[PDB]
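Novice:
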Amino acid sequence: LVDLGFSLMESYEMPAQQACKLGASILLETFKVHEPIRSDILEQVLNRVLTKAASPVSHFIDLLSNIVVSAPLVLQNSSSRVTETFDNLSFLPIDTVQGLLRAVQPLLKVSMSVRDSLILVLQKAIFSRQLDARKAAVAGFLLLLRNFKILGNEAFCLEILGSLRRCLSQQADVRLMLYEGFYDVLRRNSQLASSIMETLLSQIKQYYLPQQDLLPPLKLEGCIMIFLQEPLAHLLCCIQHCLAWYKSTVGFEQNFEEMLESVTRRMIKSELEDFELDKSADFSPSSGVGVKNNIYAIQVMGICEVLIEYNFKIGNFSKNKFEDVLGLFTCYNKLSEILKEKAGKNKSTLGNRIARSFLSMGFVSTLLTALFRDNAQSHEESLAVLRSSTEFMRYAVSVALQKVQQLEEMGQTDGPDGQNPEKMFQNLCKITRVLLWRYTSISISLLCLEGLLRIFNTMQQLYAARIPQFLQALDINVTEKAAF
Amino acid sequence: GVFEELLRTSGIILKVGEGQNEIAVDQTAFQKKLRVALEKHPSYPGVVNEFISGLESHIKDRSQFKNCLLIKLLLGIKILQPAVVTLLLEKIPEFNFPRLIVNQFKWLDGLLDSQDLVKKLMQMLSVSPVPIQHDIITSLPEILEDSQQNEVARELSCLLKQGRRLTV
DNA sequence: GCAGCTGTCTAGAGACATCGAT
DNA sequence: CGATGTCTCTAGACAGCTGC
């Protein structure tokens, strides 16, 4: 049986996918019920995953996770032969390392030796100046922080704080994923969260330019080494999301809110006259200055989008903040609709829509549910003037189309709660109705309908086991509801 | 001796030799104690200057350098940003010995101005034996964190062009 | 009176037949 | 073994056929 499975994974590389499924099934069954050979099975699967990256090899990690969640003691019975696997930081650590650490999480926690090996291997990996090695290091950091839980050994907590702070000085590409992954570990700490906010605040002071509502605080000149050094938009998005988490959880926090508020009040007062990119054609592809304008142009778009989330969330049916949102998108559209996609890149017809957005699936769900299918006395007549901005309407849904497309092509999305399948499932369960309500209220409806096509496509292709609740959530036999 | 007294009130003990570091195993209280000591007694150019003189007098001993085997506590203040650099320079002509500071600078990127420090490290590399030069050449990626890629690539290509025997 | 409106021409992108030996 | 060219096409454009 075990030889047949080994050569099954060998012969894989859709009938090939079915062969993978059969091999995983037989290997799991022969591992679960056969005691003295389970160590041999673990050795075989450990020897088979290595030197295998050209073919889709996600099967190795997934069946390994299944067999270790069924029986975690096998690795210790095998004297923890996973230490040698730490060299995989150079072959293909784009997703394999993340899944492998996910699988081995309980055995790293229970076993101190493997934890020590992991921390030392990642410590020597982080300061390797290779892009791939640094990507592997930051990927491992994204998991090790949440490997240990204290939210509900303090030296272990405080010692890990400075590693990512030191790694922050590296390139923008490796500065990227930490902004996204900070929230996941911030959902798992109380005072480590305070230290993380302080570090992020010190980071954002680098480009704040505290000047009290004057010429715009654009220190993008530092992110030029034609090249880019820090993704300001991702940092701002992480700042907003972590601030929201801290506010919901319960000195600098009051300063943190006011400087964020000051920035919002500064963007509304800093238009495309104080900006350096006031020319309609300063952009030039394959030029040393044009691409510098292009990266400045794309970066500020993410800057505007983040504060749209802030003002909408920090204000609660308060007309003063709603007009701020209007001004932010006014700056956004005035600089995104034209200049870019006129001189930036529109020579080929844009198949996609408004550029990669840095919003929250939770936020866009709240926005659409509050915008459409919501009419109460708590509404302060702000949506009435907000509804006049039909350009904001098109963007308000096109971002959602971008997010679920990420769930279409890939298995995840951006923003908080991008990896908890039930979480977007509830989000998808909620946004679909108002998406349908907007279509049935009576282009703009063309956008929401296109989304529904991609919810149903994603529902069947990804959440196949979760179809009955989604079908019933539109208000058990699926056909009667489907026929409806 | 001013730095020695500051260590006495908050820091290591006055012991020059080959023993262990007399520092508390923590970085939230002992480090804060050292910071408050360095921010309470030194508050003027003269007192910080005499503190720097005392630090130079104390750490100059090779016994203290062997005791070092951390230095991140010193780097927590901006006034020691070039002090650690010049102490590294003083510790580098000790071999095969600079291996300690080579490994100590690993997992450490506190620096004053990396752009000039790179030029200075090849300047001292022009007068170094072969093995230490090999280790330092390996250590050019160590001192950087991928923020000076163009110039460092240019200079390493120059080193490759000049040195063929030491290409490895 | 030269101001209006009316359409094949051209570039987009995606699927297929053989494309041309490994 | 399979990179490649050929072809249904959908639209947009500015330019010929309406006009003016």
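Residue numbers (the numbering used here), protein chains in the order written: chain A, 127 to 610; chain B, 440 to 607.
All C-beta atoms, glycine included, are put in the ideal place defined by N, C-alpha and C.
1. Any idea what DSSP makes of A:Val175, helix, strand or coil?
2. If the cut-off is 8 Å on Cβ atoms, which residues from the segment 537 to 557 of chain B count as contacting chain A, listed in chain order?
3. Taking the alpha-carbon positions, what's the A:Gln332 to A:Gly288 distance?
4. With DSSP as the reference, label A:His160 as helix, strand or coil.
5. Return no unless some Cβ of chain A is closer than 8 Å to the Cβ of B:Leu514.
6. Between A:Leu527, A:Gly537, A:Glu534 and A:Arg292, which has its C-alpha nearest A:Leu575's C-alpha?
7. Is the shortest distance between the beta-carbon of B:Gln466 and the beta-carbons of chain A less than 8 Å?
8. Counting along the chain, where does the alpha helix (DSSP H) carrying B:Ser565 start and finish?
9. Which word fits B:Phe534, buried or exposed, when buried means at least 16 other C-beta atoms lie within 10 angstroms of its C-beta?
10. Identify each residue in the segment 572 to 597 of chain B for which the Cβ-Cβ distance to at least one residue of chain A is less than 7 Å, and report them in chain order.
11. Residues in its own chain within less than 6 Å of B:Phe490 by CB, not counting five upstream and five downstream?
12. Give me the Cα-Cα distance between A:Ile252 and A:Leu290, rounded to the nearest whole angstrom.
13. Run the CB neighbour count on A:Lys439, radius 10 Å, all protein chains shown included, and call it buried at 16 or more, exposed below.
14. Sort A:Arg241, A:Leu189, A:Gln256 and A:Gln249 by Cα distance to A:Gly225 and report the nearest one.
15. Rounded to whole angstroms, what is the Cα-Cα separation between B:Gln543 and A:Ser412?
16. Going by DSSP in three states, A:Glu139 sits in which element: helix, strand or coil?
17. Per DSSP, what kind of secondary structure is A:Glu548 in: helix, strand or coil?
18. Does the structure place the segment 381 to 395 of chain A close enough to the segment 511 to 519 of chain A that three or more beta carbon pairs sit under 8 Å?
19. Runs of 4 residues minimum, wholly inside the segment 173 to 240 of chain A: which ones carry the alpha helix (DSSP H) assignment?
20. Taking just the CA atoms, how far does A:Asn442 sit from A:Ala510?
21. Grab the span of the alpha helix (DSSP H) containing B:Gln587 for me, first residue to last.
22. Using a Cβ-Cβ cutoff of less than 8 Å, which residues in the same chain neighbour B:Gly458 once the five nearest sequence positions on both sides are dropped?
23. When you compare the CB of A:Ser474 with every CB in chain B, is at least one pair closer than 8 Å?
24. Measuring CB to CB, does B:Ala522 end up less than 8 Å from B:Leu556?
25. Tell me which residues share the same chain as B:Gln554 and place their Cβ nearer than 8 Å to its Cβ, disregarding the 5 neighbours each side in the sequence.
26. Taking the alpha helix (DSSP H) that A:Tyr309 belongs to, which residues open and close that run?
27. Report yes or no: is there a C-beta of chain B within less than 8 Å of the C-beta of A:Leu284?
28. Count the other CB atoms within 10 Å of the CB of A:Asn437; is the residue buried (16 or more) or exposed (fewer)?
29. Answer yes or no: do A:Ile286 and A:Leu304 have a C-beta to C-beta separation smaller than 8 Å?
30. Does A:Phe267 get closer than 8 Å to chain B when you measure Cβ to Cβ?
31. I'd like the ranges of any alpha helix (DSSP H) spanning at least 4 consecutive residues and lying wholly in the segment 479 to 544 of chain B.
32. Got a sec: is the Cβ-Cβ distance from A:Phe253 to anything in chain B below 8 Å?
33. Thinking just about the alpha-carbon of each residue, which of A:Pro594, A:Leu494 and A:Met536 is nearest to the one in A:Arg520?
34. Where does A:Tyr333 fall in DSSP's three states?
35. Hey, would you say A:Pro219 sits closer than 8 Å to A:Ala262, going by beta carbons?
36. Where in the segment 313 to 372 of chain A do unbroken runs of the alpha helix (DSSP H), each at least 4 residues long, occur, reported from the N-terminal end onward?
Specialist: In short:
1. helix
2. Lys545, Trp546 and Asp548
3. 18 Å
4. coil
5. no
6. A:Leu527
7. yes
8. Counting along the chain, B:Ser565 falls outside any alpha helix (DSSP H), and DSSP gives it neither H nor E.
9. exposed
10. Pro580, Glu581, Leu583, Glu584, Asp585 and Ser586
11. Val441, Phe442 and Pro481
12. 9 Å
13. buried
14. A:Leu189
15. 43 Å
16. coil
17. helix
18. no
19. 184 to 196, 200 to 203 and 222 to 236
20. 15 Å
21. Unbroken run through B:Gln587: none, as it is neither H nor E.
22. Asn506
23. no
24. no
25. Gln587 and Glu590
26. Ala298 to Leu312
27. yes
28. buried
29. no
30. no
31. 484 to 498, 501 to 507, 511 to 514, 520 to 530 and 538 to 544
32. yes
33. A:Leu494
34. helix
35. yes
36. 317 to 330
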